[PDB]
Each structure stands twice: as structure tokens, then as C-alpha cells.
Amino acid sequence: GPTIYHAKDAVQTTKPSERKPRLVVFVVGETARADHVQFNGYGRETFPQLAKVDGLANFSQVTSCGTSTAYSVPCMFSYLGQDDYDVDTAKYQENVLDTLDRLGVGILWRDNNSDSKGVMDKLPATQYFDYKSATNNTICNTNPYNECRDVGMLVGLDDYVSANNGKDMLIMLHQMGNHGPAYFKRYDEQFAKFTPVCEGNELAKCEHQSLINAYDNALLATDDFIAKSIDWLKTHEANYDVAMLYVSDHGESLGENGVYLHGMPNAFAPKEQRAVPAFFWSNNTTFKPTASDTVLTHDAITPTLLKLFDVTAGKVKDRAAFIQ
């Protein structure tokens, strides 16, 4: 049958013709655990750069829709919520990006992870780019693995802003982040702060502290990427109200009870695979975060993205969001 719509009643209550246009980067994070962020109680400073950003909000009580990228990513952009979510048919539902595009918001998705897991499939091919290879990513030569880096997704974004100047814009950066098993490959060597590091692709053969250290070094690289994304947004704050939303797609098991990696069914998965960090920053009070300890899930993402662009829609109007 046809695409199943959920927000045909969506309306944008203020337009970029009547107020300052809005430019948002949504970092779609990867494999990051809430309990390895110092803001949430971790006894190591894994986010030192974000710790120094004025106006950076951290959300300490967020849990994911699921435990893998294929499962969680479509749910993050869904109208259905985790309880009604069906991974098999998510591709055939109107999602929040479809709504925003229909209402005139520019949508761009750069992917240094895998792909959009069906989220971008109805939208024009010109709105999605594979940043896992040097065909598009200019930052793949900073490490001996030739692995393309998340910071490469920021290069050239000014051309996109110029081509859509004066419109509202939402840019998804799907980062490699902390995906394993080979955490040691996920960061350039200026982030090799904690030692010893487990150097291999079979984590069950790692000594425990060396496994943690490799994982935490990868978090330092993500701290840096998010900080640089905020720096990029700041270069546009004269002409746009700017904001950055970060949410990880799921956590990671690090050997607790013999469990590694992620992907367990929600009915069985340990809390480590579900408790995820989330951050929000904006340049001014056009947006206001909700309380940092609000109990939230991935169901909060769709209403947040709508609120960022002053869009209302009946399907999610009583949902808690990351902003007021």
C-alpha cells in the first residue's frame, strides 16, 4: 500500500520569512553509554571539551528504543514510539524528516556509520551522502587504517547553508562514534589518552581495564567532534538561530556478566545497552532545554525536532521533549 502518514496535520507556526531562520545539527551518536559520561557520574573525564561549553545541557535519564543501529535509528525518527514501533515496516511510514521536508525545512544526512537504516529512503537522493569513504569524506588520511573520521562530515557544510540560505535547515551527522569491536581504530592518536589499550577486534580476549580504556579514548574523539560541530554552528549565528542535538542510538556491554557489544533483544538486554547520553546546545534562549533529569527515551526525539522548527502535530503533542 501507499506510505502510511502520521502527521498530515503538521503545521509550521512561524516561518523563516517572519523570524530568524534556524540551523540545527543532529549528531546521531553510536554505541555511547550514559554511564561513561562524567556528567552522569563516570569517574573519568571523557567529555572535557563539552564540559567547558557554556549552555551545553546534558540529559542524565535517557534510554534508547533498542540496542542496535538497525533497530534504534528508524525508531528515533518515528512517529510511533518504541512500544508500537515495527522495525519491519518503519521504512513505509511517514517519519519526522518527511514531515519537515514537506513543510519546507532543508534536510541533509551525511553518514559515517553505515546508512540511514531506511529513514532517508523517500527523500531525494541529493539529500543523503555516504561519508564512510574518501569519495566524499576529506578526512580519512589522519590514521594508518585510512578510516574516515566524523569531523570530515563538517567540511563543506557552508556550501549547503549558502545553497539554502534563509531557509530552516536540519543536518543529520550519523557518526561512527564508539562502534566496535575495534575501538582502538575509532580515534586518531591525539585521543589516545588512557593506557593500556586493547588492540584487537575480539573484545572477549581483552583485559578489562584495557577494554575500558580503548572505549573511553573513542569517547574523547566524540567529545571533540561534538565540540567542533558547535564551533561550526557558531560561525552561522549572525544569520541563524543555531542548535545542536546529540543522542546515542544505544549503549554497549563491556564484559559485564560476560556480555560484549550490543544488539540483544530489549526483553533481555542489560541496562548498559539502553542507557544513552544526550546533549543539547543552542546559541540563545529561542530554545530552552527541559530539566536535565527528566526521564526520557528516544520517543522524545521526534517532538524535539518538530519543536525546533515550530511545527505542531497531533500525534506527538503531549510527548515530553528535550526542549520546552
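The first residue of the shown sequence is 1; numbering continues from there.
- Judged by mean Cα B factor in the deposited record, 280-288 ranks above the other of 39-47 and 280-288.
- For the two regions 246-254 and 154-162, the entry's Cα B-factors average higher over 154-162.
- Highest C-alpha temperature factor among 218, 125, 90, 211, as the PDB entry reports it: 125.
- Comparing C-alpha B-factors across 121, 207, 223, 115 in the deposited entry, the largest value falls on 207.
- Sort the chain's modelled residues by C-alpha temperature factor and residue 67 lands in the lowest third, per the entry.
- In the PDB entry, a CA B factor belonging to the middle third of its chain's modelled residues is recorded for residue 33.
- When the modelled residues of the chain are ordered by their C-alpha B factor, residue 104 lands in the highest third.
- In the deposited entry, the Cα temperature factor of residue 238 places it in the highest third of its chain's modelled residues.
- Among all modelled residues in this chain, the alpha-carbon of residue 299 has a temperature factor (C-alpha) in the lowest third.
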